[PDB]
Amino acid sequence: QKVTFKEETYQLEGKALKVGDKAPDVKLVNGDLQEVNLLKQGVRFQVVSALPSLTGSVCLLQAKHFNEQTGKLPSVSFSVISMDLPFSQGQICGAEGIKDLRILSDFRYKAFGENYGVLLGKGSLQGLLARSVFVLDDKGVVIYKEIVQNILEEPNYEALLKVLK
């Protein structure tokens, strides 16, 4: 799969993760500069979403969609990951009224990008995370995957909600 941003085409770097694969646990950093494990136990579905930067317009809509869904379905875990430092994640979420969303930074280890295969290769956005959604079942197996072909498009939310019923 190759992701497009205007005239740029991107190779995805890191290990390819497909529907049926056990999703690896990875170390991320939260707004308190606390190291956390991505995976949550005692939850029917885990939704993990990545975006290139919370400073983007399309990116903010994505974060705002998953913030709202956090309150709507408590039996589902929602996580949003970017390469933004936790400081700017906290400030953007604070400015834009995103107070429920589990917002995590991949900056320290790039473990999410490397292990979910959404690291953007050579180009202006190199080292940022491709716009993407993974859903894991109660056993941490990938049951749904979207890496958005055009990074300026939002994820397919209709496809995602069908998986969560």
# chains A, B, ... in the order shown; residues from 1 in each chain; ligands from 1
$ closest_atom_pairs --of "range 105-136 of chain A" --to "range 3-12 of chain A" --cutoff "7 Å" --atoms "only C-alpha atoms" --output "Markdown table"
| residue | atom | partner | partner_atom | distance |
| --- | --- | --- | --- | --- |
| A:117 | CA | A:12 | CA | 6.2 |
| A:118 | CA | A:12 | CA | 5.5 |
| A:119 | CA | A:12 | CA | 5.6 |
| A:120 | CA | A:12 | CA | 5.2 |
| A:121 | CA | A:11 | CA | 5.3 |
| A:122 | CA | A:10 | CA | 6.7 |
| A:123 | CA | A:8 | CA | 6.8 |
$ select_by_dssp --residues "range 2-122 of chain A" --states "alpha helix (DSSP H)" --output "JSON, numbers by chain"
{"A": [57, 58, 59, 60, 61, 62, 63, 64, 65, 66, 67, 68, 69, 70, 71, 72, 86, 87, 88, 89, 90, 91, 92, 93, 94, 95, 96, 111, 112, 113, 114, 115, 116]}
$ write_last_selection --atoms "N, CA and C atoms" --output "tab-separated table (two decimals), in the first residue's frame"
chain	number	residue	atom	x	y	z
A	57	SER	N	-6.09	20.14	9.98
A	57	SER	CA	-7.57	20.32	9.97
A	57	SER	C	-8.26	18.95	9.93
A	58	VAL	N	-7.88	18.10	8.98
A	58	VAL	CA	-8.43	16.72	8.80
A	58	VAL	C	-8.13	15.93	10.07
A	59	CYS	N	-6.91	16.06	10.59
A	59	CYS	CA	-6.41	15.41	11.83
A	59	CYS	C	-7.28	15.80	13.03
A	60	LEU	N	-7.63	17.08	13.17
A	60	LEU	CA	-8.44	17.56	14.32
A	60	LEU	C	-9.84	16.94	14.26
A	61	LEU	N	-10.46	16.89	13.07
A	61	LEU	CA	-11.80	16.26	12.86
A	61	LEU	C	-11.73	14.80	13.33
A	62	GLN	N	-10.68	14.08	12.94
A	62	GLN	CA	-10.44	12.66	13.34
A	62	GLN	C	-10.39	12.56	14.87
A	63	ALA	N	-9.56	13.38	15.52
A	63	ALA	CA	-9.42	13.41	17.00
A	63	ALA	C	-10.79	13.73	17.62
A	64	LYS	N	-11.51	14.71	17.06
A	64	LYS	CA	-12.83	15.15	17.57
A	64	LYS	C	-13.85	14.02	17.40
A	65	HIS	N	-13.79	13.25	16.31
A	65	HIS	CA	-14.69	12.09	16.08
A	65	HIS	C	-14.49	11.05	17.19
A	66	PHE	N	-13.24	10.71	17.51
A	66	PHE	CA	-12.91	9.63	18.48
A	66	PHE	C	-13.10	10.12	19.92
A	67	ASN	N	-12.92	11.42	20.16
A	67	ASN	CA	-13.23	12.06	21.47
A	67	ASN	C	-14.71	11.85	21.79
A	68	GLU	N	-15.58	12.15	20.83
A	68	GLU	CA	-17.06	12.04	20.96
A	68	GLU	C	-17.44	10.57	21.15
A	69	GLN	N	-16.81	9.65	20.40
A	69	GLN	CA	-17.12	8.20	20.44
A	69	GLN	C	-16.70	7.60	21.79
A	70	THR	N	-15.67	8.16	22.44
A	70	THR	CA	-15.18	7.73	23.78
A	70	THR	C	-16.35	7.75	24.77
A	71	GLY	N	-17.13	8.84	24.78
A	71	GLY	CA	-18.32	9.00	25.65
A	71	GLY	C	-19.50	8.15	25.20
A	72	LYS	N	-19.64	7.92	23.89
A	72	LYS	CA	-20.81	7.23	23.27
A	72	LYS	C	-20.76	5.72	23.55
A	86	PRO	N	3.77	15.14	23.60
A	86	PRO	CA	2.62	15.20	24.51
A	86	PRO	C	2.22	16.62	24.93
A	87	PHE	N	3.19	17.54	25.02
A	87	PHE	CA	2.99	18.97	25.37
A	87	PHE	C	1.98	19.61	24.41
A	88	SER	N	2.22	19.48	23.10
A	88	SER	CA	1.39	20.12	22.04
A	88	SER	C	0.07	19.37	21.89
A	89	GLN	N	0.08	18.05	22.10
A	89	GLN	CA	-1.16	17.22	22.14
A	89	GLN	C	-2.07	17.77	23.25
A	90	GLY	N	-1.52	18.02	24.44
A	90	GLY	CA	-2.26	18.57	25.59
A	90	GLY	C	-2.81	19.95	25.29
A	91	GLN	N	-2.00	20.82	24.68
A	91	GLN	CA	-2.36	22.23	24.38
A	91	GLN	C	-3.43	22.27	23.27
A	92	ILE	N	-3.28	21.47	22.21
A	92	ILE	CA	-4.26	21.44	21.08
A	92	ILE	C	-5.60	20.91	21.60
A	93	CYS	N	-5.59	19.78	22.31
A	93	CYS	CA	-6.79	19.15	22.92
A	93	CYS	C	-7.45	20.13	23.90
A	94	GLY	N	-6.65	20.85	24.68
A	94	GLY	CA	-7.12	21.89	25.62
A	94	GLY	C	-7.81	23.04	24.91
A	95	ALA	N	-7.24	23.51	23.80
A	95	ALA	CA	-7.73	24.65	23.00
A	95	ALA	C	-9.01	24.26	22.23
A	96	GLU	N	-9.14	22.98	21.86
A	96	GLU	CA	-10.17	22.48	20.91
A	96	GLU	C	-11.24	21.65	21.63
A	111	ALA	N	7.55	3.20	18.36
A	111	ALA	CA	7.18	1.78	18.49
A	111	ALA	C	5.85	1.52	17.79
A	112	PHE	N	4.89	2.45	17.85
A	112	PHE	CA	3.58	2.28	17.17
A	112	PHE	C	3.80	2.24	15.65
A	113	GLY	N	4.46	3.26	15.10
A	113	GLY	CA	4.75	3.37	13.66
A	113	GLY	C	5.51	2.15	13.15
A	114	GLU	N	6.51	1.71	13.90
A	114	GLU	CA	7.40	0.57	13.53
A	114	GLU	C	6.62	-0.75	13.55
A	115	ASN	N	5.74	-0.96	14.53
A	115	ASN	CA	5.10	-2.27	14.81
A	115	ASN	C	3.72	-2.37	14.15
A	116	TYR	N	3.13	-1.26	13.70
A	116	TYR	CA	1.80	-1.23	13.02
A	116	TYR	C	1.97	-0.88	11.53
$ atom_distance --atom1 "CA of residue 133 in chain A" --atom2 "CA of residue 48 in chain A"
5.9 Å
$ select_by_dssp --residues "chain A" --states "strand (DSSP E or B)" --output "PDB file with C-alpha atoms, in the first residue's frame"
ATOM      1  CA  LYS A   2       1.239   3.541  -0.938  1.00  0.00           C
ATOM      2  CA  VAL A   3      -0.369   6.677   0.698  1.00  0.00           C
ATOM      3  CA  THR A   4      -0.675   9.983  -1.290  1.00  0.00           C
ATOM      4  CA  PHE A   5      -0.379  13.618  -0.079  1.00  0.00           C
ATOM      5  CA  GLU A   8       3.808  13.020  -3.028  1.00  0.00           C
ATOM      6  CA  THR A   9       3.440   9.192  -2.856  1.00  0.00           C
ATOM      7  CA  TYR A  10       4.678   7.469   0.365  1.00  0.00           C
ATOM      8  CA  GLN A  11       6.024   3.978   1.075  1.00  0.00           C
ATOM      9  CA  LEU A  12       4.816   2.780   4.541  1.00  0.00           C
ATOM     10  CA  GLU A  13       7.772   1.734   6.795  1.00  0.00           C
ATOM     11  CA  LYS A  22      -2.002 -10.395  17.129  1.00  0.00           C
ATOM     12  CA  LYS A  27       5.289   1.896  24.709  1.00  0.00           C
ATOM     13  CA  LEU A  28       3.787   5.414  24.176  1.00  0.00           C
ATOM     14  CA  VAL A  29       3.952   8.668  26.258  1.00  0.00           C
ATOM     15  CA  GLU A  35       5.009   5.771  29.681  1.00  0.00           C
ATOM     16  CA  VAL A  36       1.843   3.691  28.947  1.00  0.00           C
ATOM     17  CA  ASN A  37       1.069   0.393  27.141  1.00  0.00           C
ATOM     18  CA  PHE A  45     -13.037  -3.798  21.120  1.00  0.00           C
ATOM     19  CA  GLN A  46      -9.900  -1.567  21.101  1.00  0.00           C
ATOM     20  CA  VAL A  47      -9.866   1.219  18.432  1.00  0.00           C
ATOM     21  CA  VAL A  48      -6.313   2.559  17.783  1.00  0.00           C
ATOM     22  CA  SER A  49      -6.087   5.489  15.303  1.00  0.00           C
ATOM     23  CA  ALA A  50      -2.964   7.341  14.034  1.00  0.00           C
ATOM     24  CA  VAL A  76     -14.894   0.238  23.466  1.00  0.00           C
ATOM     25  CA  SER A  77     -11.370   1.704  24.099  1.00  0.00           C
ATOM     26  CA  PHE A  78     -10.435   4.638  21.758  1.00  0.00           C
ATOM     27  CA  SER A  79      -6.734   5.675  21.406  1.00  0.00           C
ATOM     28  CA  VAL A  80      -5.291   8.348  19.035  1.00  0.00           C
ATOM     29  CA  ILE A  81      -1.497   8.315  18.327  1.00  0.00           C
ATOM     30  CA  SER A  82       0.685  10.998  16.658  1.00  0.00           C
ATOM     31  CA  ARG A 102      -6.768   8.883  25.179  1.00  0.00           C
ATOM     32  CA  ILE A 103      -4.186  10.926  23.141  1.00  0.00           C
ATOM     33  CA  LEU A 104      -0.678   9.337  23.091  1.00  0.00           C
ATOM     34  CA  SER A 105       2.710  10.299  21.537  1.00  0.00           C
ATOM     35  CA  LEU A 119       5.631   5.122   9.520  1.00  0.00           C
ATOM     36  CA  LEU A 120       5.642   7.488   6.471  1.00  0.00           C
ATOM     37  CA  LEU A 129       2.285   8.391  11.157  1.00  0.00           C
ATOM     38  CA  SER A 132      -4.982   4.881   9.903  1.00  0.00           C
ATOM     39  CA  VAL A 133      -7.507   2.921  12.061  1.00  0.00           C
ATOM     40  CA  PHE A 134      -7.058  -0.560  13.630  1.00  0.00           C
ATOM     41  CA  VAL A 135      -9.782  -2.414  15.619  1.00  0.00           C
ATOM     42  CA  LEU A 136      -8.665  -5.291  17.929  1.00  0.00           C
ATOM     43  CA  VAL A 141      -6.261  -9.696  17.299  1.00  0.00           C
ATOM     44  CA  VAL A 142      -6.701  -7.168  14.394  1.00  0.00           C
ATOM     45  CA  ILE A 143     -10.324  -7.566  13.064  1.00  0.00           C
ATOM     46  CA  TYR A 144     -10.367  -4.262  11.024  1.00  0.00           C
ATOM     47  CA  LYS A 145      -7.625  -2.140   9.334  1.00  0.00           C
ATOM     48  CA  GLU A 146      -7.844   1.084   7.261  1.00  0.00           C
ATOM     49  CA  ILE A 147      -4.727   2.967   6.069  1.00  0.00           C
ATOM     50  CA  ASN A 150      -5.318   9.957   0.444  1.00  0.00           C
TER      51      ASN A 150
END
$ closest_residue --among "A:23, A:54, A:130, A:151" --to "residue 84 in chain A" --atoms "only C-alpha atoms"
A:54
$ closest_residue --among "A:155, A:161, A:140, A:52" --to "residue 25 in chain A" --atoms "only C-alpha atoms"
A:140
$ closest_residue --among "A:160, A:31, A:38, A:131" --to "residue 99 in chain A" --atoms "only C-alpha atoms"
A:31
